[PDB]
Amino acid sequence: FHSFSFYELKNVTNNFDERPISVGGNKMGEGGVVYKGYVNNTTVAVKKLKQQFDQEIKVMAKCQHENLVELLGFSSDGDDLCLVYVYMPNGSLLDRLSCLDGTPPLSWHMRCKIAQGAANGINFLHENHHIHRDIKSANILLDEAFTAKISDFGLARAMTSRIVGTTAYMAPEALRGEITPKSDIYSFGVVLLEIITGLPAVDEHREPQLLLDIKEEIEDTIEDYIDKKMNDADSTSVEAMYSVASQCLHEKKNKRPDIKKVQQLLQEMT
C-alpha cells in the first residue's frame, strides 16, 4: 500500500469537488464520500471519511482476491482520512440494476456471472474468517469486464451493543445484535432477489416496500417478478437462482446454506 499525503489526493480530486460527476464534480457516491481521481496515468477511487479506517486497511492487507476491490493506498494526515482503490468503471450493481445515467440493462448471462463472482468474493472472506456485515448491491462493484468486486470492509469482523448494517438487507438476528457469517448469507439472498427482479431492496412508493417480503408473496409466482429488461433469461436458471435466494433467506440462521453450498448451487445453475 502506498502512503499518500493529503495534498496529493486534494489536487487529483479537484480539491475533493463534492458535486456529482454529471454536474462537473468528482463525487461518485456516498456511504464517507467516494471521489474520482487521476494519479499519473491511472484513474482511481478516493474515499474521504478511524477504527473503520484501520479495519479497512487490516482486512485489505490480508484479503486479496479477484472478487474483492483492491486498496492501492491511503492518507492519514491527522484530521482527514482517505482510502485509495482501483477504479471500477461500471460502478455498483445497484446502479446497473436501476440503469442509472442511462447504462444498458444487464443481460441474464451477465447477471449470473456477477452472482457467481460475488459468491466467490464472500467465500474468500468466510474462508479467511471474516464477516462482511454489510452485503448489499451498492457494495458489489463492477470493473471494465463486469467482474463482481466486494467492497466496504470498515464494519467487517474476525453479540454486539452497536447494531450496524443496511436494514432492508439485514437478517433478523443481525437486527438483534448477533455477529455471524450466516447473516451475510441472508443479505446475499436479498442481492439475488435484486438480480432476478431488477427491483431495489427498499422502495417507499412500493407494495411491498421491502423486497424480501416478495418471497412470502410468492409462497402463496417468480415469473411475475422477473426483470422485464432482459431477453436472455430462461425460466430454468431464473427458478434455480430463486431457489438459492429462497434458501439464503431462511429466517432461521442454521437452516441457511453456507457460502460454499451457495457457490456450488450458482455453479450448477449455468
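Don't overthink the numbering: it's just position in the shown sequence, from 1.
- Counting the deposited residues that fall between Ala158 and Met159 and carry no coordinates gives a value of 4 to 9.
- Where coordinates are absent for parts of the deposited sequence, a chain break appears; between neighbours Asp220 and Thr221 it spans 1 to 3 residues.
- Between 149-157 and 74-82, the higher mean Cα B-factor belongs to 74-82.
- Looking at 10-18 and 244-252 together, the entry lists the larger mean B-factor for 244-252, computed on C-alpha atoms.
- Per the deposited coordinates, the residue with the largest Cα temperature factor out of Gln52, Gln64, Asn26, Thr43 is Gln52.
- Each of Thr103, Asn128, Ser137, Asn120 has a CA temperature factor in the record; the biggest one is found at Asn128.
- Ranked by C-alpha B-factor against the other modelled residues of its chain, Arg176 falls in the highest third.
- Annotation for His205: CA B-factor lies in the highest third of the chain's modelled residues.
- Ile163: CA B factor in the highest third of modelled residues in this chain (values from the PDB entry).
- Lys229: CA B factor lies in the lowest third for its chain, per the PDB record.
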